[PDB]
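If you want the building blocks of each chain, they are given just below.
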2 protein chains.
Amino acid sequence: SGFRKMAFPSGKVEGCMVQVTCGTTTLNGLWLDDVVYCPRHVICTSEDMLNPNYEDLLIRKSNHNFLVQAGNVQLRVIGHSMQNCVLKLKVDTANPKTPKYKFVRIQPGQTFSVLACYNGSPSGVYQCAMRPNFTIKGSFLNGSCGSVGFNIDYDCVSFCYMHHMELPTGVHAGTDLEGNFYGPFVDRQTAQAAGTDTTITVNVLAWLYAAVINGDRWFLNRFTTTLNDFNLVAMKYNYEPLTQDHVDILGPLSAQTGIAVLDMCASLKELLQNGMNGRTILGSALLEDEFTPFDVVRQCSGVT
Amino acid sequence: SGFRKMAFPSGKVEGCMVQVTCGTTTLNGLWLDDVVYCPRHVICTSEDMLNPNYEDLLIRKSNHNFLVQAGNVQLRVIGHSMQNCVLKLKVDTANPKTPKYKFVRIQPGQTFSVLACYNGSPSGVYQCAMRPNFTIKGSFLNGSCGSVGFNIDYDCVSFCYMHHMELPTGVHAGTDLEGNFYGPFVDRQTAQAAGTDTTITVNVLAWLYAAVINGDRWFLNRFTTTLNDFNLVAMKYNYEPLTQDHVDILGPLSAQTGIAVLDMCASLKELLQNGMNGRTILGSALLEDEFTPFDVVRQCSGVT
Ligand SMILES: *CCS(=O)(=O)N(c1ccc(C(C)(C)C)cc1)[C@@H](C(=O)NC1CCCCC1)c1cccnc1
Ligand SMILES: *CCS(=O)(=O)N(c1ccc(C(C)(C)C)cc1)[C@@H](C(=O)NC1CCCCC1)c1cccnc1
């Protein structure tokens, strides 16, 4: 019993975080095998941050320009290349602590653990979701860029996020580890605004199923509904359209609670139309949408 | 910028979790040096769980009765002793991964990271607080007992909590690692109820300071107040009395925001008396009290 925002164990990832310094800017890098990954804006000075030419900046630069430290260990740079918005530093030493790892590009609504780091040193771990506008509401201070988001599947670490920047909004944008930004963000000091943030409807339903599983079931109504009828009310409150994919994915939770997906959709409709009236669900006065159906299954099943 | 429920990196602790089996019951144990710590109710059968005599149950038991596994590694038990509600198993092999560790008994309101485990295998990490009634609202399924709560100070792991039981309430009770329960809980299947849970006032103030630091400052009023005047309204809403200790501890946050502790107390009073009116603070429609002043400082400072 109980339901909490739960992050994956960070142990496998802790051993992969290095410090990358290039002149004045210092940030975090990911050391996997004989390659160190970090945001390419490590080569920028506050002069060039307004509209940098990264290809031209990287040309004015050789291996020994870049300083990599793993604690009290200095790594020799054997090569540098730019992959989109990510710098790849080839180093002499393979990381002895390199886990079985994949690079994955996650979809909006999917969740991952962030190991927040400063000077290649892990400070904390928290769970967060890829917002539909391809931002994340994370916790990053200066020097946090190069902090990575990841999932653990079996013994295999899926790296899905590398932190690059804060938008004047105060929310966060980053890349997959192939250096492609999530959303339409560029690595320059320019007027960038995220789109209308919608609510991840399939995640809220997952969270309501978690509430039912943990005895909190006051919001359960005596109605049902249809996808069409529901999606009309979803659009109204800036909720993501609910798909036949999403109903299928909620099947396990539906089966274990004996509450049909459409019945829970009717219960959600009433909450959107009538609010909570000072009531709480799993000790939240708001509807939570940063839990996937898989997050809820894991925590309500007991998956290692 | 940004503010999240952040757990410590779990890496140092991941390497200390073993599986302890004694007959039918299997749970988690903590392997530090040549000692394995686990809840003593591993020696119980559902026969004796109603009113066990643990001294008499432990007497009907020798070293080879207890099965300890570190993955695919079976440890020889050289000794067993009972320390209050904790079993201590002396083993042949010292844990090579044992970190610098302390056992601390934390005070109500203090926070710690929980590494939730099943079969000595870490499943997830989350932050939680010692409630004033000495319970925690955690996330534990069957087989989670022996899961530990900890803080990281410098490179030193402070173990403060070992999970023992769920109360019919659905909240959790456990011990320090010297086997003394937090609160008045006993390790038997009996009608145990936690006391009136109060709100950790000093934590809510810390959280409001975090809100101000992250630009969310609509609730800031044009009044001030006194400890006495405030404590009268605190008692009314089941909030913990605010001490001259607590005001001193909030000093750093007061200094950095330029908001006197008593001004923030006046802002809190209005929220308690008038509610939020459908507004949010750091994206919560409720007042959060599971962040200490030190948690807020760490996350708003950048402490590794
Ligand atoms: C990653 C931390 S940072 O301090 O390096 N940082 C940052 C500065 C400049 C860039 C460029 C891409 C422009 C070279 C990236 C990242 C800041 C940050 O995002 N600053 C922005 C600049 C635009 C206006 C809003 C602030 C940062 C601060 C806190 C957390 N992450 C990043
Ligand atoms: C620790 C998990 S458990 O399944 O072993 N567990 C538990 C059962 C019995 C005990 C005794 C102390 C009575 C021997 C302790 C722990 C349960 C649990 O707490 N069960 C209680 C029994 C009283 C009535 C409410 C349930 C447990 C379940 C989920 C999470 N933690 C513990």
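Residues numbered from 1 in each chain as written, not as in the entry; some residues may be left out. Chains lettered and ligands numbered in written order. Heavy atoms only, no water.

- Per the PDB record, the structure was determined using X-ray crystallography to 2.50 Å resolution.

A word on the overall build of chain A
Right, on to step 1. Within chain A, the regular secondary structure consists of eight helices and 13 strands.
Right, on to step 2. Taking 19 Å as the expected radius of gyration for a compact globule of 304 residues, we find that chain A reaches 22 Å, a close match to that expectation.
Right, on to step 3. The proportion of buried residues among the 304 residues of chain A is 54%.
Right, on to step 4. Considering only contacts in chain A between residues 6 or more positions apart, those separated by 24 or more positions represent 65%.
Right, on to step 5. Summing over all exposed atoms, chain A offers an accessible surface of approximately 13,000 Å²; the carbon and sulfur share of this is 49%.
Right, on to step 6. Taking the 22 positively charged and 26 negatively charged side chains of chain A as two groups, their mean positions are separated by 3 Å. (Helix = DSSP H or I, 4+ residues; strand = E, 2+ residues; numbered from the N terminus. Rg over C-alpha atoms; globule rule 2.2 N^0.38 Å. Buried < 20%, exposed > 50% of the residue type's maximum accessible area, 1.4 Å probe, protein only. Contact = heavy atoms within 4.5 Å. Areas by Shrake-Rupley, 256 points an atom, 1.4 Å probe, with all protein chains shown as cover. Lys, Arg positive; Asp, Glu negative; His and termini not counted. Charge placed at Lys NZ, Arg CZ, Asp CG, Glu CD.)

Some words on the site of ligand 2
All names here are of chain B.
Right, on to step 1. Around ligand 2, a shell composed of 16 residues is seen, among which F140, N142, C145, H163 and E166 lie nearest.
Right, on to step 2. A distance of 3.0 Å separates a nitrogen atom of ligand 2 from a polar atom in the side chain of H163.
Right, on to step 3. Coverage of ligand 2 by the protein amounts to 80% of the 640 Å² it exposes when considered alone.
Right, on to step 4. Of the residues contributing to the shell around ligand 2, the split by class is six nonpolar, seven polar and three charged. (Near = heavy atom within 4 Å. Polar contact = N/O pair within 3.5 Å; in protein donor to acceptor, adjacent residues only side chain to side chain. Nonpolar A, V, L, I, M, F, W, Y, C, P; charged D, E, K, R; others polar.)

So, the side chain of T198(A)
Residue and element names in this part refer to chain A.
Right, on to step 1. Relative to the helices and strands, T198 resides in the loop between β13 (172–175) and α3 (201–213).
Right, on to step 2. Look at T198 and you get buried, because its relative accessible area is 14%.
Right, on to step 3. Among the polar contacts made by the side chain of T198, one reaches the side chain of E240 at a distance of 2.6 Å.

Topic: the sheet that holds strand β6 (residues 77–83) of chain B
Residue and element names in this part refer to chain B.
Right, on to step 1. Read from one edge to the other, the open sheet built from seven strands follows the order β5-β4-β1-β2-β3-β7-β6, with strand pairing classed as antiparallel. The two strands at the open ends of the sheet, each matched to only one other strand, are β5 (74–75) and β6.
Right, on to step 2. Direction of pairing for strand β1 (residues 17–22) relative to strand β4 (residues 66–69): antiparallel, over a ladder of four bridges. Note that in β4 the partner of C22 across the bridge is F66. (Pairing = 2+ DSSP bridges.)

Re the state of the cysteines
Right, on to step 1. Per the counting criterion, the structure on display carries zero disulfides over all chains.
Right, on to step 2. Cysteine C85(A) is unpaired, with the sulfur of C44(A) as its nearest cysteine sulfur at 11 Å.
Right, on to step 3. The closest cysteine sulfur to the non-disulfide-bonded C128(B) is located on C160(B), 8.3 Å from its own sulfur. (Disulfide = S-S within 2.5 Å.)

Digging into the site of ligand 1
Residue and element names in this part refer to chain A.
Right, on to step 1. Around ligand 1, the structure places 16 residues, and the nearest of them are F140, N142, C145, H163 and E166.
Right, on to step 2. Here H163 contributes a side-chain N or O atom positioned 3.0 Å from a nitrogen atom of ligand 1.
Right, on to step 3. The backbone of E166 places a nitrogen or oxygen atom 2.7 Å from an oxygen atom of ligand 1.
Right, on to step 4. When the free accessible area of ligand 1 is taken as 640 Å², the share hidden by the protein chains comes to 79%.
Right, on to step 5. Class assignment of the residues belonging to the shell around ligand 1 gives a composition of six nonpolar, seven polar and three charged.

Some remarks on the packing of aromatic side chains
Right, on to step 1. The full count for this structure, using the stated rule, is 14 aromatic pairs over all chains.
Right, on to step 2. Between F103(A) and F159(A), the aromatic rings sit 6.4 Å apart at their centres with planes inclined by 70°, giving edge-to-face as the arrangement. Of this pair, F103(A) sits in strand β8 (residues 101–103) while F159(A) sits in strand β12 (residues 156–166); the two residues are 56 residues apart in sequence, bridging distant segments of the chain.
Right, on to step 3. Looking at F159(A), the relative accessible area reads 0%, which means it is buried.
Right, on to step 4. Seen in terms of ring centroids, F3(B) and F291(B) are 4.8 Å apart; in terms of plane orientation they differ by 55°. Their pairing is tilted. Note that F3(B) is positioned in the segment before α1 (11–14) and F291(B) in the loop between α7 (261–274) and α8 (293–301), a separation of 288 residues in sequence. (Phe/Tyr/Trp six-rings, centres within 6.5 Å; stacked < 30°, edge-to-face > 60°.)

Focus on the nonpolar core
Right, on to step 1. If you look at the biggest cluster of nonpolar residues, it comprises 40 residues, and the most contacted ones within it are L30(A), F159(A), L30(B) and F159(B).
Right, on to step 2. Residues within four places of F159(A) in sequence aside, it is in contact with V13(A), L30(A), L32(A), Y101(A), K102(A), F103(A), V104(A), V148(A), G149(A), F150(A) and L177(A). (Core = buried A, V, L, I, M, F, W, Y, C linked by side-chain atoms within 4.5 Å.)

As for the interface of chain B and chain A
Right, on to step 1. Contact residues are listed per partner, giving 43 residues for chain B and 43 residues for chain A.
Right, on to step 2. When the two sides are added together, the surface that chain B and chain A hide from each other amounts to roughly 3,100 Å², 56% of it contributed by carbon and sulfur.
Right, on to step 3. Our enumeration of links across chain B and chain A arrives at two salt bridges.
Right, on to step 4. Taking the shortest distance from any N to any O, the salt bridge between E290(B) and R4(A) comes out at 2.9 Å.
Right, on to step 5. Linking chain B to chain A there are 21 residue pairs in polar contact.
Right, on to step 6. Elements supplying a minimum of two residues to the side of chain B that touches chain A: α1, β9 (111–118), β10 (121–129) and α8 of chain B.
Right, on to step 7. A per-class count over the side of chain B that touches chain A returns 17 nonpolar, 19 polar and seven charged. (Buried area = accessible area lost by both parts, 1.4 Å probe. Salt bridge = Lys/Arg side-chain N within 4 Å of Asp/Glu carboxyl O.)

Some points on the relation of the copies chain B and chain A
Right, on to step 1. Relative to chain A, chain B is turned by 180° and slid 0.0 Å along the rotation axis, the superposed coordinates differing by an RMSD of 0.0 Å. Considering both components of the superposition, the chain copies are consistent with a two-fold axis. Rotation axis and chain B: the residue whose C-alpha lies nearest the axis is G11(B), separated from it by 1.8 Å.
Right, on to step 2. Both copies present the same face, since 100% of the interface residues in chain B are matched by interface residues at the equivalent positions in chain A. (Least-squares fit on C-alpha atoms.)

Observations concerning the pairing of strand β2 (residues 25–32) of chain A
Residues and elements named next belong to chain A.
Right, on to step 1. Most of β2 is tucked away: seven of the eight residues are buried.
Right, on to step 2. As paired elements, strand β1 (residues 17–22) and β2 share six bridges and run antiparallel to each other. Note on β2: the bridge partner recorded for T21 is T26.
Right, on to step 3. Between β1 and β2, which pair antiparallel and follow one another directly, the connecting turn spans two residues, one of which, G23, has a positive phi of 65°.
Right, on to step 4. Two strands pair when backbone bridges link them, and β2 and strand β3 (residues 35–39) are joined in this way by three bridges, in the antiparallel orientation. Bridge pairing links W31 to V36 in β3.
Right, on to step 5. Here β2 hands over to β3 after two residues, with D33 in that stretch at a positive phi of 55°.

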